[PDB]
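Below: the structure, in structure tokens.
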Amino acid sequence: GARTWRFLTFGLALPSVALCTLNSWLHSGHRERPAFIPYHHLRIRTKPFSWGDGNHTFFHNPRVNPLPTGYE
Amino acid sequence: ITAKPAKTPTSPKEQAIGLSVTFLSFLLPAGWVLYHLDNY
Amino acid sequence: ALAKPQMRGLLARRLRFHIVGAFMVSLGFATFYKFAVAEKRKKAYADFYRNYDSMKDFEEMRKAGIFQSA
Amino acid sequence: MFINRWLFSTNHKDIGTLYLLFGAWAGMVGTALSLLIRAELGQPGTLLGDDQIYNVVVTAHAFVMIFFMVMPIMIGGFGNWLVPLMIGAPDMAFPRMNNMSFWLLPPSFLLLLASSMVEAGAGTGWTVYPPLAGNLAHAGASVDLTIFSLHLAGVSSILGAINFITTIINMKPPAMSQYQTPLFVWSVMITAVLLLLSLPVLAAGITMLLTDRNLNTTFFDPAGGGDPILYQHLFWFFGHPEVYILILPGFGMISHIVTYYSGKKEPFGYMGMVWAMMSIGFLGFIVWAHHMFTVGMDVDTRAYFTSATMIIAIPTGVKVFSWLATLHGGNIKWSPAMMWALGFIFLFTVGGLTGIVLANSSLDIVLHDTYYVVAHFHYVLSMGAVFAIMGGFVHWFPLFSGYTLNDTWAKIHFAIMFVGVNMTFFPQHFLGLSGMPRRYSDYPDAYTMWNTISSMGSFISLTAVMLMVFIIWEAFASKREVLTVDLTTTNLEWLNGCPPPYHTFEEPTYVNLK
Amino acid sequence: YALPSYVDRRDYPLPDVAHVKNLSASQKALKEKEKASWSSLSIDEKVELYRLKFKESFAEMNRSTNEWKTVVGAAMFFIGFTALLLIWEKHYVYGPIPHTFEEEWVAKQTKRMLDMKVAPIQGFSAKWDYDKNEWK
Amino acid sequence: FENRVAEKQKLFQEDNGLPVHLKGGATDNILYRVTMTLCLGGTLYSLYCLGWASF
Amino acid sequence: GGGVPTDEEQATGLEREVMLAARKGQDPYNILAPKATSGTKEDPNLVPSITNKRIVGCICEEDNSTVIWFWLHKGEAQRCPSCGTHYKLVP
Amino acid sequence: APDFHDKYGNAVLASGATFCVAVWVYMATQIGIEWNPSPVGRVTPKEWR
Amino acid sequence: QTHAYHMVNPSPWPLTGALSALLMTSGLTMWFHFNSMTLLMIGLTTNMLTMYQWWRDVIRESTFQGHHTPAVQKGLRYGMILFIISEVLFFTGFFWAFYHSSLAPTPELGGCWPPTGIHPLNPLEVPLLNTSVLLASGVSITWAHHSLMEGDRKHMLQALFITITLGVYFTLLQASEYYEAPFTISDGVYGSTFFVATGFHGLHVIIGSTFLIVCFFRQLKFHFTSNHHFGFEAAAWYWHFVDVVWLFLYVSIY
Amino acid sequence: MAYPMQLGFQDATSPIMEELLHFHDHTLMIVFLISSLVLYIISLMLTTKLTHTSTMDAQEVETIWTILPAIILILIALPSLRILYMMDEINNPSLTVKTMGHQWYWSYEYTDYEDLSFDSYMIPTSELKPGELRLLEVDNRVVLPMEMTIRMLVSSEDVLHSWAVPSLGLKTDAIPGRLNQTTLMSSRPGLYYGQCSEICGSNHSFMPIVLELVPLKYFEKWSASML
Amino acid sequence: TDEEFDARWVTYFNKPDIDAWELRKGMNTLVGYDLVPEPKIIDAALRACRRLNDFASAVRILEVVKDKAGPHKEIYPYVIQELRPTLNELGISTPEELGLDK
Amino acid sequence: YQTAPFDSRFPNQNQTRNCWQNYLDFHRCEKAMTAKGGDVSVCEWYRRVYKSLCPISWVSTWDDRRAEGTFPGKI
Amino acid sequence: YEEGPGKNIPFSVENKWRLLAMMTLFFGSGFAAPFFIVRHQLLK
Ligand code: HEA
Ligand SMILES: CCCCCC/C=C\CCCCCCCCCC(=O)O[C@H](COC(=O)CCCCCCCCCCCCCCC)COP(=O)(O)OC[C@@H](O)CO
Ligand SMILES: CCCCCCCCCCOCCO[C@H]1O[C@H](CO)[C@@H](O)[C@H](O)[C@@H]1O
Ligand SMILES: CCCCCCCCCCOCCO[C@H]1O[C@H](CO)[C@@H](O)[C@H](O)[C@@H]1O
Ligand code: CUA
Ligand SMILES: [Cu+2]
Ligand code: NA
Ligand SMILES: [Zn+2]
């Protein structure tokens with residue numbers, strides 16, 4: 001019944017999510033910016049994006065996403 | 001299938017008109033275009 | 001007095017005979033193709049190549065001017 | 001009242017009617033495109049002076065005939081009109097959603113027409129393979145408009161498939177099992193299953209093409225580690241089931257037509273006809289790569305696909321032999337619809353058998369991308385589907401309209417079309433065997449005679465289409481109202497009169513469970 | 001449309017209702033007479049009984065017709081009309097074909113095709129006699 | 001919150017001939033008009049953009 | 001705790017009609033297949049209707065795939081044209 | 001009572017057949033269609049080099 | 001009528017829906033090629049309006065007018081299952097794309113998977129949290145279902161709130177993971193298959209969360225009975241579908 | 001090449017195309033077997049005043065109607081698969097040549113020893129020499145040694161093309177980023193023509209392939225002179 | 001057997017109070033079979049027509065015997081010969097005798 | 001050396017990986033031989049095989065990328 | 001709603017000449033559209 005699933009929700013499910021949350025929001029910080037190498041299979045531009053200046057991905061993050069010519 | 005007589009019989013003359021108008025509705029616009037391809 | 005003819009199973013009887021006929025004709029028609037087309041083809045290839053001389057064939061094509069390379 | 005009835009419909013008959021009208025209109029567009037293809041090829045040299053346009057025309061021909069003529073006529077038109085009647089249901093399960101399946105098609109068609117109006121159109125083939133259909137070789141809006149057209153048609157048919165499956169499983173009389181529904185009802189259910197599974201895979205592939213074109217993905221671009229061949233698998237995973245979707249409802253209508261005009265109360269071997277359609281539906285998902293025997297596939301894969309593809313002849317042969325066995329012992333009525341059905345049986349068989357020729361991957365090396373393939377599918381698909389459509393249309397016109405056609409004029413129409421389609425397409429086998437590529441605007445001079453004849457045949461079929469329009473006018477012009485229809489005891493769709501009232505089976509049928 | 005109705009069908013010889021539903025004076029008298037010996041009915045009365053029950057006889061319903069002539073002939077006229085469209089197409093739509101179809105080009109091209117031995121096993125050069133320098 | 005389902009049942013079953021999409025009353029008609037007007041006017045605009053892009 | 005209405009409390013319109021009729025072992029909206037009688041002249045299948053005719057389908061023998069359809073009219077019992085079993089309309 | 005086909009059948013058949021053959025033959029032969037038939041047994045080869 | 005099926009009142013929503021599709025698609029085209037979002041915004045707006053009124057009308061027809069007889073309800077069951085099946089096959093295509101690329105990495109990639117220069121996300125970091133989040137939400141919605149069937153208003157609302165909160169948590173987490181990722185959609189086929197597959201999945205989480213929210217508000221307004229609540233069952237089926245797709249993505253694409 | 005009014009295949013140039021000719025004959029005979037059986041049976045069904053409209057027993061035909069077609073398919077599939085695997089059996093070629101598709105012409109590379117390569121364009125109709133073939137001739141032909149197993153590798157630098165030579169039984173798609181192999185062996189000298197067989201845009205009709213097959217010594221002479 | 005099928009059908013038509021529905025159902029069913037019914041079935045059918053005071057259906061029954069024979073032109077003459085005593089005794093004229101074959 | 005022999009690792013119509021592997025092997029072989037004062041000339045076999053099989057533009061692009069430091073293969 | 005022959009259709013068949021005009025506009029617009037597209041494109 002409902003009591004079983006409530007038990008599972010408060011005993012197993014939400015505690016699991018709390019532990020994963022603690023572990024992610026402790027083992028976050030920010031890590032090393034990968035070195036840039038202008039590999040031809042990455043940073044593909046066959047047509048300009050339909051937003052911004054055309055050269056920035058939609059969730060572009062200056063910290064870790066280089067442009068075809070390198071980090072900003 | 002059986003049917004009642006036509007409520008509004010279509011005589012041979014009327015069919016020839018129907019048929020002619022039908023055929024010209026396909027043939028005149030397309031022919032206009034094909035005849036004038038060079039022009040385009 | 002007229003004698004009693006067969007009255008039952010006339011459609012079935014026509015089918016039993018004509019199905020055999022159908023298979024005979026269709027096999028005949030297909031075997032005609034094999035004879036007139038496939039066997040003629042086999043023969044025409046074997047005869048063409050039996051004493052075919054590729055160099056001689058080449059020299060004639062050369063003499064006629066067909067090649068860029070010779 | 002007009003808007004309420006024809007724009008806001010929730011009525012399976014009126015929706016059926018809408019689909020038939022749209023499908024007939026689309027067929028005029030598709031025939032015009034076909035005539036343009038055949039006029040370009042009717043003599044050696046260039047007519048259009050523009051092969052990009054030729055390619056645009058070929059591509060649109062195909063999409064129009066497939067997505068806007070055959071599918072809406074067979075599933076939207078005959079499906080909506082007949083299925084509910086044939087199981088005594090008061091309408092479809094989702095009669096409002098049914099209306100959106102209809103109304104998605106004019107805008108879909110508008111997107112396609114837009115694609116050819118902007119830039120230089122989508123000259124890609126109906127296959128829309130990258131990289132030709134990508135953003136360097138087809139820069140601009142045309143291909144995107146084509147993709148969107150297909151999304152909308154896709155959604156239309158997916159929702160339609162949901163509606164038909166639900167209706168057919170859930171809305172029969174409670175005593176009627178699924179094996180007591182007519183074959184056309186089966187054929188529609190099976191087609192619906194195939195649409196439900198196959199169109200989302202197409203939607204995935206064309207969405208990937210969209211993102212490669214506009215969001216800098218590289219699913220199909222080697223530079224990114226992508227592969228043009230992936231697009232081909234996803235397209236043909238849909239595309240094979242699609243060719244069965246195009247013929248299955250025609251199989252259904254053919255069973256009904258052959259049965260009726262043979263004077264029989266039932267088709268021969270009902271269970272085998274059901275088994276055969278289910279078998280074809282299933283096998284239709286495991287054969288797609290016979291569309292790819294020249295792309296450089298592994299030998300065991302070519303062997304598998306050759307073998308699996310040929311297996312489809314078995315259940316298909318069961319249907320052909322069962323139609324003949326329905327004819328067997330019949331009081332044969334040589335009505336115009338019976339002529340369409342007999343023509344179907346013969347022309348479909350010829351196209352089926354050239355399919356078996358192509359299934360052989362070794363020979364397909366030499367026939368692929370030639371006119372032999374074009375001949376194959378114009379027999380099985382073009383003529384087969386079209387003959388079934390014509391058959392069904394003649395046969396059921398009196399039910400849908402309440403008026404009779406002129407049977408002699410309908411027979412004349414059949415005869416002209418039969419000459420036309422054979423003259424157009426039979427010589428294309430020779431063109432193919434002898435090496436003439438498909439998708440060509442002109443050809444080496446050797447191929448002139450067969451192209452000339454083929455183009456001449458195209459005009460005969462034009463004449464038949466023009467006559468068909470006249471024949472429908474004459475029926476509506478003369479108004480011969482239906483009186484008696486025979487064999488209603490095994491053709492439920494007729495039993496409510498011609499035309500049936502807006503609402504049928506308000507009171508459902510009474511059927512005992514003994 | 002929901003009522004039992006009449007058909008002439010050779011595998012349904014006795015249909016659900018009679019051909020003539022409402023009977024005149026004498027027709028009812030005739031039905032009464034039918035209840036006594038049929039030897040006492042005339043030939044004309046037996047036919048009249050027949051025609052109250054049935055519309056067409058077997059021979060009538062099975063008759064052959066001339067419809068095939070109208071269908072074949074009309075189809076042929078339409079096919080002929082098509083050729084008028086094609087003449088109109090050839091005159092007013094098509095321009096000239098390429099120069100490679102000129103008789104002299106074809107003659108040279110044919111020689112060159114024989115010189116390269118195009119289709120020498122069956123198809124083309126096979127049909128040319130190279131010894132006698134003529135077609136076989 | 002309280003259960004007012006009975007009131008909505010009486011409203012939507014009122015024998016007034018209205019189709020379900022207008023039966024809530026005046027604000028149904030408004031939302032319907034805004035919807036249809038955007039749809040049709042948007043469709044006009046899309047045909048305008050087509051004409052523009054066609055040249 | 002409670003707070004969730006029951007069908008008995010809140011089901012309305014046709015859903016409610018069907019629920020209440022099923023309680024009483026009646027099927028006014030034809031959800032169930034009617035059970036055959038012997039189907040003779042003396043024990044005809046009784047076919048309810050709200051008008052003066054209704055379509056019958058007769059499955060003459062179990063596992064026939066063909067169903068035989070016909071209009072049943074108010075008045076004398078009629079027979080399936082295939083198997084002869086009898087049916088009588090009760091409007 | 002004679003029908004459409006009893007009255008007009010042979011005329012339709014005869015003149016339709018006649019029209020069809022005449023117009024097609026004329027199209028095939030009188031308006032400059034190049035059918036490009038086989039040269040076999042028809043064309044005399046000619047020096048090309 | 002003496003059958004149990006639903007003859008639906010003539011409706012404008014199919015037409016507005018179909019026109020909304022025309023406007024979204026021509027809108028996207030205008031956006032991609034002609035640099036303008038107006039048409040697209042109009043289409044999105046008309047689509048939302050159509051969806052709202054259409055589903056509003058379904059609630060009117062069922063809760064308020066009583067048209068969902070068991071036969072009608074049984075039909076909707078089939079319709080939702082079939083709809084889910086079509087969505088599964090849609091996703092199948094993206095899984096096929098992923099395996100195609102990854103099992104036969106081309107020379108441009110370095111002939112290896114992951115490609116040279118790609119630093120994949122670590123599946124035991126936020127993606128494990130995402131996994132716990134959706135699994136837990138499958139547990140909470142099952143509690144909500146059982147509370148409903150048992151007649152328990154409060155606990156249904158608690159369970160359903162928790163479920164929704166979890167779907168929203170997944171969505172915020174995935175948005176942050178998108179922002180933080182050192183590779184982009186433009187980073188070849190690695191980016192393409194990753195972002196498009198997870199992206200569609202994220203779209204489906206948003207859709208299913210929205211559906212659960214509608215159920216939440218209908219439950220607040222007492223629409224559901226302890227025996228008749230198909231809109232809730234459908235939202236739960238869709239949500240389990242969303243969970244299962246994530247699980248496949250988690251195992252496969254990470 | 002093809003010739004006017006031709007009905008079937010171009011004459012075989014390679015053993016593999018000869019196989020395909022024989023297998024096509026074998027399969028078309030079966031096509032004709034089947035189609036003639038159906039036409040005969042249809043007209044049989046349609047030509048009798050005798051009737052039987054009551055229910056017919058369908059189970060009696062179950063076996064022949066599936067077994068005999070199954071046997072006919074086997075009779076197609078056996079030689080089909082033998083040829084498939086024979087074609088595939090180990091190629092030990094003496095020479096490798098590459099061709100790259102372009103919009104709209106083919107390039108060729110012979111790089112076993114020297115770095116030989118060139119482009120091959122269709123001769124425009126206005127530039128054909130007398131008796132030369134419209135839309136078939138090219139400026140630079142693919143010169144190859146006769147009577148030798150040749151590996152042809154095929155790719156593209158832009159869109160899909162497909163490299164076909166009917167008379168040698170060849171058709172291999174030209175896919176950018178992929179190197180597809182086929183093997184080619186000519187029994188005879190001569191000129192053998194093909195045409196691009198994947199729709200590649202506005203000039204798909206106009207980028208043919210011409211093989212020129214000659215003795216090894218003339219191939220080596222030409223090779224050296226094309227450096 | 002053939003014999004058992006025949007005797008069921010004879011017995012069917014012989015029902016003294018056979019009604020009109022039953023006569024039509026009998027004949028319409030019978031002509032669906034691959035067979036021209038035996039004289040003694042037709043005999044029994046004709047006499048039902050008599051009991052039912054239905055002369056026209058007696059004539060139609062003879063037409064359908066002819067029809068079912070197809071191109072086998074010896075079966076009708078023969079069945080007529082075998083029916084003559086019944087035809088004479090009941091005053092049933094043939095289709096040919098009525099001009100109903102033209 | 002005439003041409004590249006049949007290689008059972010690459011038995012299929014798709015020969016992409018055969019070209020790739022032999023280009024990689026040429027450069028790996030030269031590295032391993034030059035590191036250890038071995039005979040570099042031994043690597044010539046791989047150069048002959050890749051030169052036979054690889055399209056010139058593939059060889060050229062890969063060479064450009066090695067010079068650029070953007071060649072994605074491991075050497 | 002109207003019921004019966006000529007009444008279950010969104011077009012009128014009251015007058016056969018006005019029907020003829022409507023059918024001709026209908027089918028002829030569909031048939032003509034490609035030829036005008038081709039014209040359109042060549043004129044670019
Ligand atoms: C109605 C549509 C339809 C149908 C039903 C089919 C049916 C089949 N088709 Fe076809 N085909 C297409 C439409 C369809 N085709 C289209 C549109 C294309 C190409 C699209 C493109 O490239 O644009 C295509 C392409 C296509 C190809 C690819 C060719 C190439 O591009 O190189 C192949 C290859 O195997 C194929 C085979 C088959 C087979 C084996 C059947 C089988 O199902 C046929 C089975 C039927 C019979 C065999 C006849 C009846 C049977 C008997 C009388 C029994 C006895 C027979 C035997 C024992 C043999 N078809
Ligand atoms: C940030 C911006 C967010 C925007 C995202 C917007 C996108 C989508 C919206 C989400 C979906 C909302 C669905 C609401 C449906 C409400 C109506 C409903 O639930 O209707 C129910 C029937 O179910 C039914 O129709 C079942 C109807 C099922 C609908 C299926 C919904 C899924 C469709 C999603 C579309 C997918 C798009 C795919 C893209 C690839 C009514 O029956 P009951 O519930 O039994 O009630 C009756 C009882 O009261 C009697 O006692
Ligand atoms: C069928 C319907 C599909 C709907 C797709 C809707 C897509 C909505 C796109 C909106 O994107 C706008 C651009 O936003 C991008 O660029 C902006 C700068 O120009 C940034 O500020 C944003 O953060 C984002 O990177
Ligand atoms: C479940 C899958 C996840 C999808 C969640 C989508 C909802 C999040 C939308 C917000 O996204 C915007 C990205 O915006 C970030 O980067 C953009 C580009 O540099 C900037 O313009 C913005 O200012 C912001 O810094
Ligand atoms: Cu290159 Cu087609
Ligand atoms: Cu296929
Ligand atoms: Na041309
Ligand atoms: Zn019965």
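Chain labels follow the order of the structure tokens: the first chain is A, the next B, and so on; residue numbering restarts at 1 in every chain, and ligands are counted from 1 in their shown order.
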
Which of chain H end up as alpha helix (DSSP H) when DSSP is run on this backbone - answer as a PyMOL selection string? chain H and resi 4-30

Can you work out which residues are within 8 Å of ligand 8, considering only C-alpha atoms and all ligand atoms, and then hand them over as number ranges by chain? G: 57-61, 67-68, 79-85

Chain I residues near chain L (7 Å cut-off, only C-alpha atoms) as a list in words: residues 107, 108, 109, 110, 111 and 116 of chain I

Can you pull out the residues contacting stretch 15-23 of chain C? Cut-off 8 Å, using only C-alpha atoms, and skip same-chain residues under 3 positions away; I want them as a ChimeraX atom specification. /C:11-12,26-27 /J:37,40-41,44

Please write the residues from the selection above to a file, keeping N, CA and C atoms, as a tab-separated table (two decimals), in the first residue's frame.
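Result went into selection_7.tsv, see below:
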```
chain	number	residue	atom	x	y	z
C	11	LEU	N	-16.99	-27.86	-61.29
C	11	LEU	CA	-15.96	-26.83	-61.15
C	11	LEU	C	-14.67	-27.45	-60.68
C	12	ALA	N	-14.75	-28.28	-59.62
C	12	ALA	CA	-13.55	-28.93	-59.07
C	12	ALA	C	-12.81	-29.74	-60.12
C	26	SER	N	3.30	-23.12	-67.98
C	26	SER	CA	4.12	-22.10	-67.38
C	26	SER	C	5.55	-22.62	-67.41
C	27	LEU	N	5.74	-23.91	-67.11
C	27	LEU	CA	7.07	-24.53	-67.25
C	27	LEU	C	7.55	-24.48	-68.71
J	37	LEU	N	2.32	-18.49	-64.74
J	37	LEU	CA	1.40	-19.29	-63.93
J	37	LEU	C	0.26	-18.42	-63.40
J	40	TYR	N	-2.25	-17.25	-66.36
J	40	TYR	CA	-3.00	-18.46	-66.83
J	40	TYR	C	-4.04	-18.75	-65.79
J	41	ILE	N	-3.65	-18.77	-64.51
J	41	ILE	CA	-4.64	-19.03	-63.48
J	41	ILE	C	-5.70	-17.95	-63.36
J	44	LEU	N	-8.14	-18.47	-66.19
J	44	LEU	CA	-8.89	-19.68	-65.88
J	44	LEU	C	-10.05	-19.40	-64.93
```

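Here atom CA of residue A:54 is placed at a distance of 23.9 Å from atom CA of residue F:52.
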